[PDB]
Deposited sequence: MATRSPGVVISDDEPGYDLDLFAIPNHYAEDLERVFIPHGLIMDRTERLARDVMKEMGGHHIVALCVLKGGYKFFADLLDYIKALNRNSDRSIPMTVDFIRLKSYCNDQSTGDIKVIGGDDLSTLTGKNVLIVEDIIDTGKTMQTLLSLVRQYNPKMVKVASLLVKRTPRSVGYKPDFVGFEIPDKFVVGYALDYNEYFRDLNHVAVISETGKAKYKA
C-alpha cells in the first residue's frame, strides 16, 4: 500500500473525548480539557508508519535521529515497531540511533559526519511553522547522507506554515496547542500517554 500520505486528518471541529472515558493521571485531572488523540490510536498509526518507513528506507543502513525532548516517545515506539518488522521478516537492515536537541543550534548528537552515506530518518513530535525542520534538513544534507527523510507524529494546519511537509505523518491536526505523549507545556504533561488539550486552569497552574 501507498507510502506517502498526509496522515490521519483530525478536523478543525474535532471535539475529542471526555476525560472520564479514559484512565488519566490524577495529578492532571483538572489540567486537561479533553483527550484529543488516544494513546492507542497513536500506536495503531505508528505501526503503519513503521511499515512505510521500512518500505522507503529499508534498502540501506538507517540512522534514526531523535529530536529531543518531545520526539522521545514517538521515536521509541516508532523504532519498536520497526524492530518488530526486522525480526519477523525475510530481509532487515541495521539501524543505529542518535539524539539531538535544538536551541537553531544543534546540541548533543554524534559528529554529523556519521550520517554520511546513510539513510537518515529524523523523528519529530510536531511540525508547526516547519522552520525547525527546514533549518535542520539544510544542516544534515551538508554531510551527504544517502537519503534524509522526516517522520513527524503531528503536523499542524496553520496559516503560519511555510509549505514544508514531512515524509511520514502520524496526524494532521488543527491549529490548537496540544500536550501529552512527550509534548509539553513548560516541561509538564510529558508524563501522559494520550495527546490532550489543556484546560484554562491547567494553563494557569503550570505557567512559567
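Numbered from the first deposited residue, the sole unresolved range runs 104-113.
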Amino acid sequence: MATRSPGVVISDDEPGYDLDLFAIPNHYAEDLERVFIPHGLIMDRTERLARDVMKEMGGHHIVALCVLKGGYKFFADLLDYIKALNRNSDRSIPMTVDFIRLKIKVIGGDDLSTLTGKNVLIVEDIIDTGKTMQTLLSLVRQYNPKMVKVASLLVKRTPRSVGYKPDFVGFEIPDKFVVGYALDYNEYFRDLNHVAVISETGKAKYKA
From here on, numbers count along this sequence of modelled residues.
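For the pair 196-204 and 8-16, the mean B factor over Cα atoms is greater in 196-204.
For the pair 173-181 and 139-147, the mean B factor over Cα atoms is greater in 139-147. Per the deposited record, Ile107 carries the highest C-alpha B-factor of all listed residues (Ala84, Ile107, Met95, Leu78). Going by the entry's values, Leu112 shows the largest Cα B-factor out of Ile100, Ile126, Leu112, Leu121.
For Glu30, the recorded CA B-factor ranks within the highest third of the chain. Only modelled residues enter the ranking.
Remark: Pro166 belongs to the middle third of its chain, ranked by C-alpha B-factor as recorded. Compared with the other modelled residues of the chain, the Cα B-factor recorded for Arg160 ranks in the highest third.
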